[PDB]
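What the coordinates show
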Amino acid sequence: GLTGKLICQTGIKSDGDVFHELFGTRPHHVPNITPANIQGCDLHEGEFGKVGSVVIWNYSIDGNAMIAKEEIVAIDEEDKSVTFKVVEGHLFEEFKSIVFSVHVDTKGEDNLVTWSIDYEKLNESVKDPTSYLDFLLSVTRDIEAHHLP
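Rules and cut-offs
- Residues numbered from 1 in each chain as written, not as in the entry; some residues may be left out.
- Heavy atoms only, no water.
- Helix = DSSP H or I, 4+ residues; strand = E, 2+ residues; numbered from the N terminus.
- Buried < 20%, exposed > 50% of the residue type's maximum accessible area, 1.4 Å probe, protein only.
- Contact = heavy atoms within 4.5 Å.
- Polar contact = N/O pair within 3.5 Å; in protein donor to acceptor, adjacent residues only side chain to side chain.

Looking at the entry header, you'll see X-ray crystallography listed as the method and 1.50 Å as the resolution.

Per the PDB entry, the protein chain carries the name Major latex-like protein and comes from Panax ginseng. Per the PDB record, the entry is named "Crystal structure of ginseng major latex-like protein 151 (GLP) from Panax ginseng. (crystal-1)".

Shown next, in the form of structure tokens:
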């Protein structure tokens, strides 16, 4: 009753590999590219690019500042996927667990970015976090504009 999943898919015109590796090996560059959405990304444990690394994200939705500490639980080169599990922060005011994954599909002509949000609400009154899809699309658009020469 408390579990849900939200997915958004959108095209990018920029290089898909570069988009994947931004998240997979260069997540600390994200704030520099989408500063209205993401203000910081600090390495807390481990090393950038490795499974089990932990980063602290400083970000904003609707003008409110928030913090998420996240473990990189999966990085797959073939699927061009990176999975970030929240382990502390604002979102644990609402969710028992919440995991963000980004996949890039570069087959064929048109690159597709897919963001998934997999979560368990603390209780049934918690809202499904659809505002995070609008955040992830904004981040995605900003990355695409930055990477297009």
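What follows picks up the thread again.
Moving on, we get to the environment of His-28. Within the element layout of this structure, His-28 appears in the loop between α1 (16-25) and α2 (30-33). For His-28, a relative accessible area of 29% translates into the label partly exposed. Sequence-distant contacts of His-28, that is, excluding residues within four places in its chain, are made with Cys-41 and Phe-48.

A few words now on α1. Among all positions in α1, only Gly-16, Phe-19, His-20, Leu-22, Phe-23 and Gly-24 are buried. Where α1 begins, the side chain of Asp-15 points an oxygen toward the backbone nitrogen of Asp-17, at a separation of 2.9 Å.

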